[PDB]
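Have a look below at one chain only, the form solved without adenosine-5'-triphosphate, in C-alpha cells format.
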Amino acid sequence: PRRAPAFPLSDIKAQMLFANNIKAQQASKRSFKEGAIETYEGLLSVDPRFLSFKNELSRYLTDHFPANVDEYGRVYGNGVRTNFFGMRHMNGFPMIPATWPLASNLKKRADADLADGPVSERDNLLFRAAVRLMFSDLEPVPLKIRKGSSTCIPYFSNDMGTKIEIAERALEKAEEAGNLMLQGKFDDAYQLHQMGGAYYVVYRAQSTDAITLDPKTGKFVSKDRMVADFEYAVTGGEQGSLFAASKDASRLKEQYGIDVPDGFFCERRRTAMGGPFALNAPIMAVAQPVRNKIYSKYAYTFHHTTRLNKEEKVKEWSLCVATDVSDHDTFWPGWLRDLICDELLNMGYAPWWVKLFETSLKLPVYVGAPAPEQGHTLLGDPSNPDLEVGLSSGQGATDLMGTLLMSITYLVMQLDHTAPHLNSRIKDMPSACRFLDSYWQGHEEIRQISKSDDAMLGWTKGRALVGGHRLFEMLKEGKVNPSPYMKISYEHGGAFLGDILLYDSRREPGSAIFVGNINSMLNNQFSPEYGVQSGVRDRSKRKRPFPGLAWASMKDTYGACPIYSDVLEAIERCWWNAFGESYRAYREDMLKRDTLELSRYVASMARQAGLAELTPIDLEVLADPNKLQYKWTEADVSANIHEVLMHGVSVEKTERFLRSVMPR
C-alpha cells in the first residue's frame, strides 16, 4: 500500500518549510532536549524533598483510599478510580524514544476491523446531516489568536503583531491559494501564501501515566506505551516495529547526576502538531462560528461547563453509559474528511475554501526529535498532500472534527443496539436533519452529552431503554466492538470532561452526582505539564500564566470529592515531613503574589483589586490556559480575562472573509 516518501532536513523540500530567520532555522534543527521542569518558582520537579513528598503521599493515599469502581465501571463511595502512583514521574524527562507519527492509518483501521466508509445509507445521511446542522447559519466573529503561540511553518513567529498580519493576509489571499490548490499547484500556494508545507511535530508530556505496585515484588511497574519506529510510520505499519518505549529513569543518575528514588519514571510523551498558521487562519475563521452555533443551538449535547450543568442533564436519564474511545486522533478516518468536504460543497461552500480545509487534513508532517540522534525528517510530499495521519492536533478545527465523528458514532451505536424503531425517521437528508436536530437538543428518548472522545450516552424511559441495558452489558463483557467506526469500550470509572459521575447504592443516574476528580487536582498541582517559565517576562505568553490562582478555585473545583479534606490534610502532613513548611501557607503566598501580578495584565482591575469579580473557571484558566483547549471555550471565561490570553483580528476583515466562504 505505498510507503510515504520521506526527506531529510537537508533536502530542499524540508528546507523550504523553514524561513530564513533564526527561530525557524533553530526549530528545524532542534535536537532532543530534556531536563527538570521548574514545577513552581524555585522548585525543580526532581528536588529530593519534592520526590520524597510524592513518594510518601502517593503511597499513603493509595493505601488509605483504594479505588471504588464497580464491575460496570461506575465509581461510588470515595470517588477514587485508581491508585495515586501516577505522580511518580521525573517531570521534564521523557520516555525514549517517542513515537514516529503514522503516515497512513488505513491499515491501522482495517486491521482493527473499522469501516472504510459509512456502512449504510442511514449512517451516510447522519454524518452529512451533522455537516449541514453544524456549518449552516453561521455568524461572523473576530478570529482570536492565543498570545505567545507560534505560527510554526514557515516563520515560527511568536510575535502578536506578526501573527495578526499573517492572519489578515491569509484571510485576504485564502481564495487565491485555494484555487491554486484546486489546480494542483500546491507548491505555488505554499510559496506565495505559506498555505501548505507541513505540520511541525512537537512532543508533549502527559505528566502522569499509570503506575502500579506489584504486591509480590514490592516493585513499581510503569505502563508500557508502544511506539512506532520510522519504518513502521512510513509504511503504515506494514514493516518496521511497534515496541514499548523505555520509561526507565535510572539513566538520569548516570547521565545527569540526579538521584532517582525507587519507583520513579520518565514521562509518557505524546505527539502534537503545530499547523502552518497561514493555512489554519482561514479554517479558524469558520471554526469559531461553528463552535458558537453548536454551543448555543445544540448546547444540550455540546456545551459543558460546571459539574451541575452536566448533572442536571444526566439526572433525567434512566441509564447513563460512560464511553471510552481508543486512540481517537490516530484512528480518525480520512473518509470522514472527504465526506465532510463533499457535503460542504453540496451546501454551497466556496470550493477554494473547502480545498484549503481538505488539504489541512492531508498534510505532510515534519518530525523533529523523538529521541537523541533521531528525527529531522519530513514525512510526505508537500507538492501533493496525501497523508492519512488521522486527525492532526494543530489543524484549525480538530475539536469539531472529533466531535462530529464521535457524536454520530454514538448515535449510530444507540440506533443499532437499542432504537431500531427510530430508523424510519431517517429517510433522506431533510428527515435526517430534522431527526439529528431534535436528537442534539436532547428531545429524543436516546440522548448524549459529548466532546470529541469523551461522552456519556443516555436513555430515558421508553422502548430503547431495554436495548440500552443490553448495550451496556455488551460493553461490560467487552468481547465485541459495538461500533463499526471506532474502538468503543466503557470507561473504567465513568467521568465526563474532568468530572466523575459518583453513583450511590442504587447505581442509577437519578441519584448520582458529578464531583471533581481528586486525582486531577493532584496531577495539576504536583505534576504540571510545563515549568513556570519564570524567564518569560510577559506572563500572558507562558504555558502557566498565574499558577498561584488555582488555589482560589480549588474548593469550587474539587470540594465535592468525598475525600477532598483527607487529601488536603495528607498533603499538609507530607509536605511538612518533606520541607518542614506548611503547604497551605506556601500556596497562600503564591496566590497573593499572582493575584497582585494579575492586576498588571487586566486593565479593568484596580492596581491591586483582588479576585472578587473572577469565576472559578477564570481562575483555573489563568493557571492553565490549556484547559481552554480541551475543557472550556471562550464564552465560558469572563471577557476581561479572555483578553489576557487572546488577541483578535478585526471583525470587519473576518466578516468580509466569511461572506466569501459561506453559501448564505
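In this text, residue numbers run from 1 along the sequence as written.
Although it is not shown, the form solved in complex with adenosine-5'-triphosphate is what the next lines describe.
- No atom of adenosine-5'-triphosphate lies within 2.4 Å of a backbone or C-beta atom here once its pose in the deposited complex is superimposed on the site C-alphas of this chain, so the site counts as open.
- The partner is absent here; in the deposited complex, the one residue of 541, 434, 297, 270 having a heavy atom within 4.5 Å of adenosine-5'-triphosphate is 270.
- Exactly one listed residue, out of 124, 441, 206, 162, brings a non-hydrogen atom to within 4.5 Å of adenosine-5'-triphosphate in the deposited complex: 206.
- Of the candidate stretches 563-571, 321-329, 355-363, 477-485, only 321-329 has residues with heavy atoms within 4.5 Å of adenosine-5'-triphosphate in the deposited complex.
- Across the proposed site, 225, 453 and 630 without exception bring a heavy atom within 4.5 Å of adenosine-5'-triphosphate in the deposited complex.
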